[PDB]
$ cat input-v4.pdb   # PDB, C-alpha atoms and all ligand atoms
MODEL        1
ATOM      1  CA  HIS T   1      10.904 104.466  79.840
ATOM      2  CA  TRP T   2      12.821 106.381  77.225
ATOM      3  CA  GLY T   3      16.567 106.165  77.041
ATOM      4  CA  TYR T   4      19.448 105.824  74.612
ATOM      5  CA  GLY T   5      19.376 102.034  73.862
ATOM      6  CA  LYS T   6      18.399  99.806  70.987
ATOM      7  CA  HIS T   7      14.848  99.553  72.153
ATOM      8  CA  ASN T   8      14.144 102.931  73.746
ATOM      9  CA  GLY T   9      16.534 105.416  72.136
ATOM     10  CA  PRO T  10      15.925 108.547  70.080
ATOM     11  CA  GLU T  11      14.374 106.753  67.111
ATOM     12  CA  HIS T  12      11.539 105.586  69.434
ATOM     13  CA  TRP T  13      10.807 108.794  71.318
ATOM     14  CA  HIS T  14       8.107 109.955  68.913
ATOM     15  CA  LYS T  15       5.739 107.229  70.133
ATOM     16  CA  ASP T  16       5.396 108.778  73.606
ATOM     17  CA  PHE T  17       6.325 112.313  72.522
ATOM     18  CA  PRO T  18       4.952 112.982  69.000
ATOM     19  CA  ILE T  19       6.541 116.456  68.851
ATOM     20  CA  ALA T  20       9.774 114.486  68.295
ATOM     21  CA  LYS T  21       8.820 114.801  64.594
ATOM     22  CA  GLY T  22       7.888 118.500  64.952
ATOM     23  CA  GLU T  23       8.971 121.590  63.068
ATOM     24  CA  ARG T  24      11.502 122.947  65.581
ATOM     25  CA  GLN T  25      13.409 119.933  66.939
ATOM     26  CA  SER T  26      16.944 119.985  68.320
ATOM     27  CA  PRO T  27      19.786 119.322  67.933
ATOM     28  CA  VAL T  28      20.662 120.234  64.330
ATOM     29  CA  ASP T  29      23.716 120.240  62.141
ATOM     30  CA  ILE T  30      25.228 123.745  61.955
ATOM     31  CA  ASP T  31      26.341 124.289  58.384
ATOM     32  CA  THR T  32      28.965 127.029  58.705
ATOM     33  CA  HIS T  33      28.687 127.630  54.952
ATOM     34  CA  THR T  34      25.011 128.569  55.087
ATOM     35  CA  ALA T  35      24.647 130.161  58.527
ATOM     36  CA  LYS T  36      24.599 133.881  57.842
ATOM     37  CA  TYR T  37      26.184 136.570  59.967
ATOM     38  CA  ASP T  38      23.429 138.635  61.547
ATOM     39  CA  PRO T  39      24.654 142.166  62.468
ATOM     40  CA  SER T  40      21.497 142.696  64.529
ATOM     41  CA  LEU T  41      22.657 139.978  67.016
ATOM     42  CA  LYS T  42      24.155 141.299  70.217
ATOM     43  CA  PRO T  43      27.078 140.086  72.297
ATOM     44  CA  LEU T  44      26.042 137.368  74.769
ATOM     45  CA  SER T  45      25.866 138.646  78.404
ATOM     46  CA  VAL T  46      26.695 135.899  80.858
ATOM     47  CA  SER T  47      26.434 137.044  84.506
ATOM     48  CA  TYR T  48      27.379 134.082  86.704
ATOM     49  CA  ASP T  49      29.234 135.895  89.505
ATOM     50  CA  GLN T  50      26.454 135.062  92.023
ATOM     51  CA  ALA T  51      25.558 131.582  90.739
ATOM     52  CA  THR T  52      24.807 129.222  93.641
ATOM     53  CA  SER T  53      24.898 125.506  92.892
ATOM     54  CA  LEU T  54      22.995 123.240  95.300
ATOM     55  CA  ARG T  55      23.431 119.747  94.243
ATOM     56  CA  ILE T  56      24.220 117.191  91.591
ATOM     57  CA  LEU T  57      21.913 114.505  90.512
ATOM     58  CA  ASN T  58      22.120 111.222  88.370
ATOM     59  CA  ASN T  59      18.677 111.033  86.686
ATOM     60  CA  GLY T  60      19.298 107.847  84.713
ATOM     61  CA  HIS T  61      20.070 109.750  81.507
ATOM     62  CA  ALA T  62      22.776 112.212  82.495
ATOM     63  CA  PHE T  63      23.669 114.134  85.611
ATOM     64  CA  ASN T  64      22.328 117.570  86.383
ATOM     65  CA  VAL T  65      24.175 120.272  88.389
ATOM     66  CA  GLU T  66      21.633 122.442  89.983
ATOM     67  CA  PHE T  67      21.255 125.916  90.983
ATOM     68  CA  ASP T  68      19.209 127.904  93.377
ATOM     69  CA  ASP T  69      17.108 129.872  90.931
ATOM     70  CA  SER T  70      14.990 131.630  93.674
ATOM     71  CA  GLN T  71      16.857 134.925  93.284
ATOM     72  CA  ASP T  72      18.048 136.845  90.301
ATOM     73  CA  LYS T  73      21.641 135.633  90.379
ATOM     74  CA  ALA T  74      23.065 133.718  87.388
ATOM     75  CA  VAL T  75      21.511 135.169  84.263
ATOM     76  CA  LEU T  76      21.853 135.132  80.544
ATOM     77  CA  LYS T  77      20.781 138.089  78.473
ATOM     78  CA  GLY T  78      21.637 139.883  75.260
ATOM     79  CA  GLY T  79      22.751 137.721  72.436
ATOM     80  CA  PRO T  80      19.565 136.903  70.450
ATOM     81  CA  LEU T  81      17.418 137.236  73.567
ATOM     82  CA  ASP T  82      14.856 139.767  74.794
ATOM     83  CA  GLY T  83      14.766 139.982  78.598
ATOM     84  CA  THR T  84      16.484 137.912  81.235
ATOM     85  CA  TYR T  85      16.941 134.183  81.605
ATOM     86  CA  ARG T  86      17.921 132.537  84.889
ATOM     87  CA  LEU T  87      20.233 129.545  85.219
ATOM     88  CA  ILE T  88      18.513 126.461  86.674
ATOM     89  CA  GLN T  89      20.911 123.597  85.782
ATOM     90  CA  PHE T  90      23.597 122.311  83.542
ATOM     91  CA  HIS T  91      24.332 118.840  82.227
ATOM     92  CA  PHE T  92      26.302 117.112  79.497
ATOM     93  CA  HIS T  93      25.875 114.636  76.679
ATOM     94  CA  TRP T  94      28.853 112.439  75.780
ATOM     95  CA  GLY T  95      29.985 109.448  73.817
ATOM     96  CA  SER T  96      31.439 105.998  74.296
ATOM     97  CA  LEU T  97      34.440 107.127  72.188
ATOM     98  CA  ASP T  98      35.948 110.519  71.503
ATOM     99  CA  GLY T  99      34.580 110.629  67.934
ATOM    100  CA  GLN T 100      30.969 111.039  69.040
ATOM    101  CA  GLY T 101      28.996 112.496  71.933
ATOM    102  CA  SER T 102      27.831 115.979  70.919
ATOM    103  CA  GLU T 103      24.217 116.652  69.964
ATOM    104  CA  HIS T 104      24.791 119.616  67.685
ATOM    105  CA  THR T 105      27.300 119.006  64.922
ATOM    106  CA  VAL T 106      29.339 121.533  62.921
ATOM    107  CA  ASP T 107      29.528 120.686  59.223
ATOM    108  CA  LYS T 108      28.736 117.113  60.380
ATOM    109  CA  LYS T 109      31.642 117.119  62.876
ATOM    110  CA  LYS T 110      30.738 115.412  66.123
ATOM    111  CA  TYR T 111      32.521 116.578  69.255
ATOM    112  CA  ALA T 112      33.331 114.278  72.174
ATOM    113  CA  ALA T 113      30.665 115.866  74.355
ATOM    114  CA  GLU T 114      28.385 118.880  74.712
ATOM    115  CA  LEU T 115      27.539 120.987  77.791
ATOM    116  CA  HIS T 116      24.091 122.549  78.123
ATOM    117  CA  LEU T 117      23.495 125.429  80.544
ATOM    118  CA  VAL T 118      19.713 125.734  80.847
ATOM    119  CA  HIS T 119      18.026 129.043  81.657
ATOM    120  CA  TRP T 120      14.360 130.059  81.935
ATOM    121  CA  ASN T 121      12.796 133.357  80.914
ATOM    122  CA  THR T 122      11.981 135.294  84.067
ATOM    123  CA  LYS T 123       8.878 136.766  82.454
ATOM    124  CA  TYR T 124       7.190 133.350  82.936
ATOM    125  CA  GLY T 125       7.984 133.108  86.666
ATOM    126  CA  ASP T 126       9.196 129.477  86.866
ATOM    127  CA  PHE T 127      10.731 126.755  84.739
ATOM    128  CA  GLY T 128       7.544 124.718  84.417
ATOM    129  CA  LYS T 129       5.599 127.659  82.984
ATOM    130  CA  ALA T 130       8.533 128.695  80.792
ATOM    131  CA  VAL T 131       8.734 125.356  78.957
ATOM    132  CA  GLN T 132       5.161 125.928  77.710
ATOM    133  CA  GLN T 133       6.292 129.024  75.796
ATOM    134  CA  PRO T 134       8.205 129.277  72.499
ATOM    135  CA  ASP T 135      10.607 131.753  74.092
ATOM    136  CA  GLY T 136      10.654 130.116  77.506
ATOM    137  CA  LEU T 137      14.209 128.772  77.653
ATOM    138  CA  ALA T 138      17.694 129.804  76.542
ATOM    139  CA  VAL T 139      20.213 126.996  76.390
ATOM    140  CA  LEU T 140      23.899 127.799  76.080
ATOM    141  CA  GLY T 141      25.586 124.885  74.334
ATOM    142  CA  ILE T 142      29.355 124.369  74.504
ATOM    143  CA  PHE T 143      31.304 121.677  72.689
ATOM    144  CA  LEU T 144      33.940 119.557  74.404
ATOM    145  CA  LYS T 145      37.002 118.126  72.682
ATOM    146  CA  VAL T 146      39.547 115.808  74.289
ATOM    147  CA  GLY T 147      42.995 117.263  74.840
ATOM    148  CA  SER T 148      44.142 119.436  77.758
ATOM    149  CA  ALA T 149      42.288 119.122  81.040
ATOM    150  CA  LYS T 150      39.738 121.738  82.040
ATOM    151  CA  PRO T 151      40.695 122.637  85.616
ATOM    152  CA  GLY T 152      37.252 124.167  86.149
ATOM    153  CA  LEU T 153      35.591 120.827  85.433
ATOM    154  CA  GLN T 154      37.600 118.813  87.922
ATOM    155  CA  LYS T 155      35.187 119.465  90.882
ATOM    156  CA  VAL T 156      32.361 117.837  88.838
ATOM    157  CA  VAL T 157      34.573 114.920  87.839
ATOM    158  CA  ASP T 158      35.550 114.216  91.418
ATOM    159  CA  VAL T 159      31.894 113.949  92.722
ATOM    160  CA  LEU T 160      30.731 111.464  90.050
ATOM    161  CA  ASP T 161      31.833 108.414  92.044
ATOM    162  CA  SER T 162      29.163 109.333  94.616
ATOM    163  CA  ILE T 163      26.322 109.453  92.061
ATOM    164  CA  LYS T 164      27.172 106.395  89.981
ATOM    165  CA  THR T 165      23.610 105.112  89.522
ATOM    166  CA  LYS T 166      20.166 106.440  88.671
ATOM    167  CA  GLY T 167      18.432 108.261  91.489
ATOM    168  CA  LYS T 168      21.606 109.084  93.446
ATOM    169  CA  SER T 169      22.197 112.720  94.384
ATOM    170  CA  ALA T 170      24.821 114.660  96.386
ATOM    171  CA  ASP T 171      25.343 118.098  97.891
ATOM    172  CA  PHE T 172      27.197 120.202  95.378
ATOM    173  CA  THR T 173      27.613 123.728  96.536
ATOM    174  CA  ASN T 174      29.781 126.580  95.394
ATOM    175  CA  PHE T 175      30.530 125.257  91.921
ATOM    176  CA  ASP T 176      31.422 128.089  89.566
ATOM    177  CA  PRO T 177      30.112 127.513  86.026
ATOM    178  CA  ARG T 178      32.414 130.270  84.691
ATOM    179  CA  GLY T 179      35.133 127.610  84.844
ATOM    180  CA  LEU T 180      33.379 125.751  81.995
ATOM    181  CA  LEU T 181      33.346 128.568  79.437
ATOM    182  CA  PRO T 182      35.724 128.979  76.501
ATOM    183  CA  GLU T 183      37.461 132.231  75.807
ATOM    184  CA  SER T 184      35.166 133.466  73.032
ATOM    185  CA  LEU T 185      31.410 134.006  73.353
ATOM    186  CA  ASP T 186      30.921 133.971  69.547
ATOM    187  CA  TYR T 187      27.855 131.911  68.796
ATOM    188  CA  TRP T 188      25.286 130.478  66.458
ATOM    189  CA  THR T 189      21.608 130.748  67.312
ATOM    190  CA  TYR T 190      18.351 129.192  66.147
ATOM    191  CA  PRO T 191      14.917 128.291  67.617
ATOM    192  CA  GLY T 192      14.494 124.717  68.751
ATOM    193  CA  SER T 193      13.643 122.249  71.441
ATOM    194  CA  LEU T 194      14.659 120.335  74.487
ATOM    195  CA  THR T 195      16.809 117.410  73.278
ATOM    196  CA  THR T 196      15.292 115.003  75.808
ATOM    197  CA  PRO T 197      11.649 114.112  76.387
ATOM    198  CA  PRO T 198       9.348 115.993  76.571
ATOM    199  CA  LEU T 199      11.134 117.569  73.547
ATOM    200  CA  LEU T 200       9.206 120.817  73.956
ATOM    201  CA  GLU T 201       9.766 123.538  71.362
ATOM    202  CA  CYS T 202      10.600 126.247  73.869
ATOM    203  CA  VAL T 203      14.312 126.891  73.394
ATOM    204  CA  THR T 204      16.399 129.719  71.932
ATOM    205  CA  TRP T 205      19.639 127.823  71.283
ATOM    206  CA  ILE T 206      22.930 129.645  71.673
ATOM    207  CA  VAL T 207      25.782 127.362  70.579
ATOM    208  CA  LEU T 208      29.297 128.652  71.134
ATOM    209  CA  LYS T 209      31.717 128.321  68.250
ATOM    210  CA  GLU T 210      34.777 127.695  70.399
ATOM    211  CA  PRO T 211      34.950 124.326  72.168
ATOM    212  CA  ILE T 212      36.474 123.707  75.553
ATOM    213  CA  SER T 213      39.149 121.041  76.010
ATOM    214  CA  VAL T 214      38.837 118.340  78.667
ATOM    215  CA  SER T 215      41.271 115.537  79.277
ATOM    216  CA  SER T 216      40.860 111.873  78.389
ATOM    217  CA  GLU T 217      40.964 111.142  82.108
ATOM    218  CA  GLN T 218      38.094 113.595  82.723
ATOM    219  CA  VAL T 219      35.880 112.036  80.012
ATOM    220  CA  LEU T 220      36.717 108.521  81.145
ATOM    221  CA  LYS T 221      35.203 109.373  84.560
ATOM    222  CA  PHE T 222      31.942 110.427  82.848
ATOM    223  CA  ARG T 223      31.920 107.098  81.060
ATOM    224  CA  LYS T 224      32.004 105.184  84.399
ATOM    225  CA  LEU T 225      28.548 106.508  85.355
ATOM    226  CA  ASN T 226      25.588 104.143  85.005
ATOM    227  CA  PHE T 227      22.166 104.522  83.421
ATOM    228  CA  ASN T 228      20.812 101.785  85.691
ATOM    229  CA  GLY T 229      19.808 102.003  89.336
ATOM    230  CA  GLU T 230      21.807 100.432  92.208
ATOM    231  CA  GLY T 231      21.164  96.677  92.186
ATOM    232  CA  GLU T 232      20.295  96.473  88.448
ATOM    233  CA  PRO T 233      22.457  95.091  85.583
ATOM    234  CA  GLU T 234      25.258  97.460  84.797
ATOM    235  CA  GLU T 235      24.845  99.653  81.728
ATOM    236  CA  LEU T 236      27.427 102.383  81.317
ATOM    237  CA  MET T 237      26.124 105.933  80.841
ATOM    238  CA  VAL T 238      27.560 106.614  77.412
ATOM    239  CA  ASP T 239      26.118 107.820  74.108
ATOM    240  CA  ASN T 240      23.415 109.882  75.839
ATOM    241  CA  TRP T 241      23.068 112.160  72.820
ATOM    242  CA  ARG T 242      20.219 112.717  70.389
ATOM    243  CA  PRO T 243      21.336 112.916  66.735
ATOM    244  CA  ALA T 244      20.779 115.942  64.504
ATOM    245  CA  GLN T 245      17.167 116.543  63.442
ATOM    246  CA  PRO T 246      15.824 118.219  60.287
ATOM    247  CA  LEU T 247      16.286 121.995  60.174
ATOM    248  CA  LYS T 248      12.992 122.520  58.326
ATOM    249  CA  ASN T 249      11.853 126.108  58.147
ATOM    250  CA  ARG T 250      14.629 127.601  60.300
ATOM    251  CA  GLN T 251      17.776 129.622  59.772
ATOM    252  CA  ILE T 252      20.912 129.418  61.835
ATOM    253  CA  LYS T 253      22.320 132.886  62.487
ATOM    254  CA  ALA T 254      25.933 133.720  63.374
ATOM    255  CA  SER T 255      26.956 136.409  65.842
ATOM    256  CA  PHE T 256      30.330 136.797  64.128
ATOM    257  CA  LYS T 257      31.727 137.452  60.652
TER     258      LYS T 257
HETATM  259 ZN    ZN U 301      21.124 118.673  77.021
ENDMDL
END
$ encode --input "input-v4.pdb" --output "structure tokens"
Amino acid sequence: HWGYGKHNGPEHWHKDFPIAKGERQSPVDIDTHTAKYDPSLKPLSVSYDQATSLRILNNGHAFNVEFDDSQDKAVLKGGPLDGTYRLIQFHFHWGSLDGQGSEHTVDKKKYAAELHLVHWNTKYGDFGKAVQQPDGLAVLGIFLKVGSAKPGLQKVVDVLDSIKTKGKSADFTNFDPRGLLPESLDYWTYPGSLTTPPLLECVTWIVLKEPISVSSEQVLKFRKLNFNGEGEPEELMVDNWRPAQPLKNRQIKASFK
């Protein structure tokens, strides 16, 4: 029964998931004045030309857009990674107000929201096996600021009314995640964790430096979702972000000078 409230939010998660106080927790603050440029880092390869979305789902904590990951179709490679990671889903974290919502922060700056594109290492065969490995997942994180609309987001925005409450899902085919990417693939990278329970330390994080812009109208539609199920007291799905966790014995490495 974890969530984002007073009584079940991030500060409580350690009770059911003790790794919440582990050595490689996410998100973190990205200090741009101490992250070092790493010339050994490679350009990120994002190959989403054959990505096939299936469906969108409200899970009571965010919504997930899902992909058919049965074929080698939508993959992330290069960057800091060895081998090939397959896209399984994306989701967002966002705020009640534009001044908060991101999980990672940049010199303590909070963005209005953050997109996570989740990929599993094909060497482990499926997602469930991958999350048991320190190099099992690669998550591409992209900041959202409020300004111009993102045309490529509008298809997601316009299905949310059909998945208002926890447990509702809808068919969601042919969505192109390339429409959610900024121009630059410059990134920061570090080893960390899932940012929701079970908080497993299985993620190579790749956080893009350039945010995308979405409109106030687009974010407002996110904020009309509900954490609760149909026929339960209404609690708006807002502030579904975990705050920055201690960096501990990690370095954040920059792909760019
Ligand atoms: Zn996430």
$ resolve_selection --input "input-v4.pdb" --expression "the PyMOL selection byres (((chain T and resi 50-57) around 7) and not hetatm)" --output "PyMOL selection string"
chain T and resi 48-49+58-59+63-68+73-74+163+168-176
$ resolve_selection --input "input-v4.pdb" --expression "the PyMOL selection byres (((not hetatm)) within 9 of (chain U and resi 301))" --output "MDAnalysis selection string"
chainID T and resid 62 90:93 103 114:118 139 141 194:196 241:242
$ resolve_selection --input "input-v4.pdb" --expression "the PyMOL selection byres (((chain T and resi 226) around 10) and not hetatm)" --output "PDB file with C-alpha atoms, in the coordinates of the input"
ATOM      1  CA  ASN T  58      22.120 111.222  88.370  1.00  0.00           C
ATOM      2  CA  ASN T  59      18.677 111.033  86.686  1.00  0.00           C
ATOM      3  CA  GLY T  60      19.298 107.847  84.713  1.00  0.00           C
ATOM      4  CA  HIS T  61      20.070 109.750  81.507  1.00  0.00           C
ATOM      5  CA  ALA T  62      22.776 112.212  82.495  1.00  0.00           C
ATOM      6  CA  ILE T 163      26.322 109.453  92.061  1.00  0.00           C
ATOM      7  CA  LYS T 164      27.172 106.395  89.981  1.00  0.00           C
ATOM      8  CA  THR T 165      23.610 105.112  89.522  1.00  0.00           C
ATOM      9  CA  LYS T 166      20.166 106.440  88.671  1.00  0.00           C
ATOM     10  CA  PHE T 222      31.942 110.427  82.848  1.00  0.00           C
ATOM     11  CA  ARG T 223      31.920 107.098  81.060  1.00  0.00           C
ATOM     12  CA  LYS T 224      32.004 105.184  84.399  1.00  0.00           C
ATOM     13  CA  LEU T 225      28.548 106.508  85.355  1.00  0.00           C
ATOM     14  CA  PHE T 227      22.166 104.522  83.421  1.00  0.00           C
ATOM     15  CA  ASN T 228      20.812 101.785  85.691  1.00  0.00           C
ATOM     16  CA  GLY T 229      19.808 102.003  89.336  1.00  0.00           C
ATOM     17  CA  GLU T 230      21.807 100.432  92.208  1.00  0.00           C
ATOM     18  CA  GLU T 232      20.295  96.473  88.448  1.00  0.00           C
ATOM     19  CA  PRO T 233      22.457  95.091  85.583  1.00  0.00           C
ATOM     20  CA  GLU T 234      25.258  97.460  84.797  1.00  0.00           C
ATOM     21  CA  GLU T 235      24.845  99.653  81.728  1.00  0.00           C
ATOM     22  CA  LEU T 236      27.427 102.383  81.317  1.00  0.00           C
ATOM     23  CA  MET T 237      26.124 105.933  80.841  1.00  0.00           C
ATOM     24  CA  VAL T 238      27.560 106.614  77.412  1.00  0.00           C
TER      25      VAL T 238
END
$ atom_distance --input "input-v4.pdb" --atom1 "atom CA of residue 252 of chain T" --atom2 "atom CA of residue 112 of chain T"
22.1 Å
$ atom_distance --input "input-v4.pdb" --atom1 "atom CA of residue 243 of chain T" --atom2 "atom CA of residue 80 of chain T"
24.3 Å
$ residues_around --input "input-v4.pdb" --residues "residue 98 of chain T" --least-positions-apart "6" --cutoff "9 Å" --atoms "all atoms listed in the file" --output "number ranges by chain"
T: 110-113, 145-146, 216, 219
$ write_last_selection --input "input-v4.pdb" --atoms "C-alpha atoms" --output "PDB file, keeping the file's coordinate frame"
ATOM      1  CA  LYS T 110      30.738 115.412  66.123  1.00  0.00           C
ATOM      2  CA  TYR T 111      32.521 116.578  69.255  1.00  0.00           C
ATOM      3  CA  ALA T 112      33.331 114.278  72.174  1.00  0.00           C
ATOM      4  CA  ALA T 113      30.665 115.866  74.355  1.00  0.00           C
ATOM      5  CA  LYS T 145      37.002 118.126  72.682  1.00  0.00           C
ATOM      6  CA  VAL T 146      39.547 115.808  74.289  1.00  0.00           C
ATOM      7  CA  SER T 216      40.860 111.873  78.389  1.00  0.00           C
ATOM      8  CA  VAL T 219      35.880 112.036  80.012  1.00  0.00           C
TER       9      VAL T 219
END
$ residues_near_point --input "input-v4.pdb" --point "(6.6, 117.0, 68.4)" --cutoff "12 Å" --atoms "all atoms listed in the file" --output "compact mmCIF listing (two decimals) with C-alpha atoms, keeping the file's coordinate frame"
# COMPACT_ATOMS: atom_id res chain seq x y z
CA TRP T 13 10.81 108.79 71.32
CA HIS T 14 8.11 109.96 68.91
CA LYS T 15 5.74 107.23 70.13
CA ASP T 16 5.40 108.78 73.61
CA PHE T 17 6.32 112.31 72.52
CA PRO T 18 4.95 112.98 69.00
CA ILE T 19 6.54 116.46 68.85
CA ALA T 20 9.77 114.49 68.30
CA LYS T 21 8.82 114.80 64.59
CA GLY T 22 7.89 118.50 64.95
CA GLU T 23 8.97 121.59 63.07
CA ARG T 24 11.50 122.95 65.58
CA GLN T 25 13.41 119.93 66.94
CA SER T 26 16.94 119.98 68.32
CA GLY T 192 14.49 124.72 68.75
CA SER T 193 13.64 122.25 71.44
CA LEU T 194 14.66 120.34 74.49
CA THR T 195 16.81 117.41 73.28
CA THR T 196 15.29 115.00 75.81
CA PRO T 197 11.65 114.11 76.39
CA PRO T 198 9.35 115.99 76.57
CA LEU T 199 11.13 117.57 73.55
CA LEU T 200 9.21 120.82 73.96
CA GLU T 201 9.77 123.54 71.36
CA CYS T 202 10.60 126.25 73.87
CA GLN T 245 17.17 116.54 63.44
$ atom_distance --input "input-v4.pdb" --atom1 "atom CA of residue 167 of chain T" --atom2 "atom CA of residue 94 of chain T"
19.3 Å
$ build_atoms --input "input-v4.pdb" --residues "segment 6-23 of chain T" --atoms "N, CA, C and O atoms" --output "short mmCIF file (atom, residue, chain, number, x, y, z; two decimals), in the frame of the given file"
data_model
loop_
_atom_site.label_atom_id
_atom_site.label_comp_id
_atom_site.auth_asym_id
_atom_site.auth_seq_id
_atom_site.Cartn_x
_atom_site.Cartn_y
_atom_site.Cartn_z
N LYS T 6 18.97 100.47 72.14
CA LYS T 6 18.40 99.81 70.99
C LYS T 6 16.88 99.94 70.97
O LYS T 6 16.23 100.28 69.95
N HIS T 7 16.27 99.70 72.14
CA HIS T 7 14.85 99.55 72.15
C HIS T 7 14.09 100.77 72.63
O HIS T 7 12.88 100.78 72.49
N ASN T 8 14.80 101.76 73.18
CA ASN T 8 14.14 102.93 73.75
C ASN T 8 14.82 104.26 73.42
O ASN T 8 14.48 105.28 74.00
N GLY T 9 15.71 104.26 72.43
CA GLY T 9 16.53 105.42 72.14
C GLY T 9 15.77 106.41 71.28
O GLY T 9 14.57 106.29 70.98
N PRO T 10 16.51 107.43 70.80
CA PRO T 10 15.92 108.55 70.08
C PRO T 10 14.94 108.22 68.97
O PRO T 10 14.00 108.96 68.78
N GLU T 11 15.20 107.13 68.24
CA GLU T 11 14.37 106.75 67.11
C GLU T 11 12.99 106.27 67.55
O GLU T 11 12.10 106.15 66.72
N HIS T 12 12.81 106.03 68.86
CA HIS T 12 11.54 105.59 69.43
C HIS T 12 10.76 106.69 70.15
O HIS T 12 9.58 106.48 70.49
N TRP T 13 11.41 107.82 70.44
CA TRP T 13 10.81 108.79 71.32
C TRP T 13 9.49 109.36 70.80
O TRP T 13 8.62 109.73 71.60
N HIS T 14 9.33 109.41 69.48
CA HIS T 14 8.11 109.96 68.91
C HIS T 14 6.84 109.24 69.37
O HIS T 14 5.77 109.84 69.28
N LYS T 15 6.95 107.96 69.74
CA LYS T 15 5.74 107.23 70.13
C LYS T 15 5.11 107.82 71.40
O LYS T 15 3.89 107.99 71.49
N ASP T 16 5.93 108.16 72.39
CA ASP T 16 5.40 108.78 73.61
C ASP T 16 5.35 110.30 73.50
O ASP T 16 4.53 110.92 74.19
N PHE T 17 6.16 110.87 72.60
CA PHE T 17 6.32 112.31 72.52
C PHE T 17 6.27 112.69 71.05
O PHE T 17 7.29 112.88 70.41
N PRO T 18 5.06 112.76 70.44
CA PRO T 18 4.95 112.98 69.00
C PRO T 18 5.63 114.24 68.47
O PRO T 18 5.96 114.28 67.29
N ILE T 19 5.85 115.26 69.31
CA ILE T 19 6.54 116.46 68.85
C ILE T 19 7.98 116.12 68.47
O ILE T 19 8.67 116.97 67.90
N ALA T 20 8.46 114.91 68.78
CA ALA T 20 9.77 114.49 68.30
C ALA T 20 9.91 114.63 66.79
O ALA T 20 11.05 114.74 66.32
N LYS T 21 8.78 114.62 66.04
CA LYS T 21 8.82 114.80 64.59
C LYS T 21 8.29 116.19 64.22
O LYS T 21 7.88 116.40 63.09
N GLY T 22 8.39 117.15 65.14
CA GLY T 22 7.89 118.50 64.95
C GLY T 22 8.77 119.36 64.04
O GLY T 22 9.76 118.94 63.44
N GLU T 23 8.38 120.61 63.98
CA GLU T 23 8.97 121.59 63.07
C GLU T 23 10.19 122.29 63.63
O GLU T 23 10.92 122.94 62.89
#
